[PDB]
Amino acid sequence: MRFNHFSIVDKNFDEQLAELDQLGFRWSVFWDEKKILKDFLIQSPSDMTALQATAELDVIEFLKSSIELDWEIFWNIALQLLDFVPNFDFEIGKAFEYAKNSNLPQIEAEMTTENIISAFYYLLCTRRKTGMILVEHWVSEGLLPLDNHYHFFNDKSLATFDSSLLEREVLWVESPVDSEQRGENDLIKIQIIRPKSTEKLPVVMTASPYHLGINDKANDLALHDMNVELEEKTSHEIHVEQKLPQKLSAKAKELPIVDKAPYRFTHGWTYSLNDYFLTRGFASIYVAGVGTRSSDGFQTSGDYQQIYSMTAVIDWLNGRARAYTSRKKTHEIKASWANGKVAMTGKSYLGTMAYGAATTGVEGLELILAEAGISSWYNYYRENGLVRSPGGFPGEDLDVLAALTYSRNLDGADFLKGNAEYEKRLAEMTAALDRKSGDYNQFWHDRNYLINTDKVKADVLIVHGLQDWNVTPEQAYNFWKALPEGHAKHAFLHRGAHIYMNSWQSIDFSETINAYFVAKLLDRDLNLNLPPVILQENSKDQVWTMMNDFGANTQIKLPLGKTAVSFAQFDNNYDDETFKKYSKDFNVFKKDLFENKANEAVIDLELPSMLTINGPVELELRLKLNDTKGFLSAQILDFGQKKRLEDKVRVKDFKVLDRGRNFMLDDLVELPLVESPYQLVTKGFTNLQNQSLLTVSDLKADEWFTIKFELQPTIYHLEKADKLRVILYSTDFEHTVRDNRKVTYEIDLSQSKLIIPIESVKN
């Protein structure tokens, strides 16, 4: 196995001794090393009598013997404390080497009392085989009491807050939006989970429109039919201007103020990362926003009205907004328990709200941890003037999502009063989507946060899977690039798909975030020094590395032509039998597509030297077709039998992650390295009539022309022997419209090039 640590903060010896002292390890520099070892074991929750010290002695016998401590014996014992099984996982007497091969943090210096003290200090910061760093594992076993006070170790907050004393309250924040123009402010319900504390508490907020329930039936009924014809566009230029929603201010009111919230709740969805923080002194707040269960308004899905319905919570936490005990607005409640500092978490739609909220510059929002989020809704349901369904979900669009998350209709009483207004507004949204052209427009522009990144003041932490074709990498890439120069930002890019990564064995993600959260939300110094991007290497088992940026400046060019006279063509139309079996199951189409058994142009490129792709690949193509309309599709896969990481996790151990003290037990998981015949590196699409998103032009039939479009950005490393399978085609029975007209594409490969941004590395 292999470990990777990014959460270990370097500390001086005096600092180390002081922190150890706080944990009950009161040592001095002139103590004997075996005495320090003995005290370390005795003061801990571990069972000394079960530990083996050497090939011939257990720990007790070793302590009684005259044999002196060396690094091998130290590691024999340390690995056992880290949950490794001696004689089976590792060889007693070769523990030092085993630790080295596992990439565990190790002190490499002479055996002295001072060096031994540091080895123990950092051992406490080290991940166990079962997913938790030693110190937290021991804390969960009783090392420290549950006193509901902050206790820090290596700049991390420990789980010293009693989860049995958590308060679960409900209240409505008065937002400055009127999504349905009723002439009143929309009240937004929020759920609060906070530990007991004698001091103001930071907040970890998750804005989830899914939180209070989902409407699957309405979702399936709104689903769009992909089996339609591709409409031709007229030469024209698209014009847009940015206009932010006007904040509505509620009048003055002399209402009485209550101390505690009268309404409470017990069950609710939670993000395991938020739970981890609850016992570490961080309250959680979940908001569903406008158009959701128990709240007012329409499900404006993505625009700034929804963003403001969420950020109102932050205003309330900072005493800049009003909250009531109920929707009757008879009593007001204040955030007397909060310090006003906030951090947003969650993936997908939740990460999307974090990006959006960040672009408002709201004070108090200190940082966002946006995972698999959307920075511009247009790219989630479209691509270069084309209708492009999210990976795995054909027929989906913003109106289908609106129907899914308009949870107000989940309550019969609410359905009765607001269903009419809802359908009216959903129909208006559906027409605004313009699935006919698939072009960018004002409606989409109002859901593009990239144009407001200049207002971002919060630190930005981005998490994104490089095999996530649902919420494409461009989403993270674009926000990353639009952020002003010198802005505090970091990205974690893994190889999974649309999944979380806070329960993995290969990286100390939660512990790293812990350090970052305490510094930003508790007003402390951030001693943690993280690189620009933390990347999980492809074709490697549990290997993580660091990069300087996402998107390199250097680039090499590979011609698609193998000769000076190389032409390639393929049809758009399939036989009616094959066309209908591809439309019924896009997975069979993908299989054939990848194996060159469908209408396509395949180019197998032998790689010159090893290289690391870092950024969006560009496709410069010279083609022609016998029609005045059409689009092009392209997929690039790492072709050939080889071990590669799957995009779906596998379980390592069940319920070994304790988010407190027998609180929300979680499983330890990890992406498996398995042999595959190939793997998708990146893909992209473009409407041949869209030279750019804003300009549509006429297309001339039977005439040669050249197009330049980028594919999804990514970071992928290839060896000099690997092969890149470039697939060019039209209809994609998973993303684009399915038009079966008789058209023929012809590509001049010798005039076609593949531009690839590569990590210079300065190897």
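Start at 1 and count along the sequence shown; that's the residue number.
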property: Stretch with the higher entry mean CA B-factor, where the candidates are 629 to 637 and 205 to 213; result: 629 to 637
property: Which of 343 to 351 and 144 to 152 has higher mean CA B factor, as the PDB entry lists it; result: 144 to 152
property: Identity of residue with top Cα B-factor, from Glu108, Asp303, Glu396, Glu383; result: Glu108
property: Largest Cα B-factor, entry values, listed residues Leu166, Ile192, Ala598, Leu426; result: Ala598
property: Third of the chain's Cα B-factor distribution that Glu174 belongs to, per the entry; result: middle
property: Assigned third (lowest, middle, highest) for the C-alpha B factor of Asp58; result: lowest
property: Assigned third (lowest, middle, highest) for the C-alpha B factor of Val362; result: middle
property: Within-chain third of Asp525 by Cα B-factor, per the entry; result: highest
property: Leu51 - which third its CA temperature factor falls in, relative to the rest of the chain; result: lowest
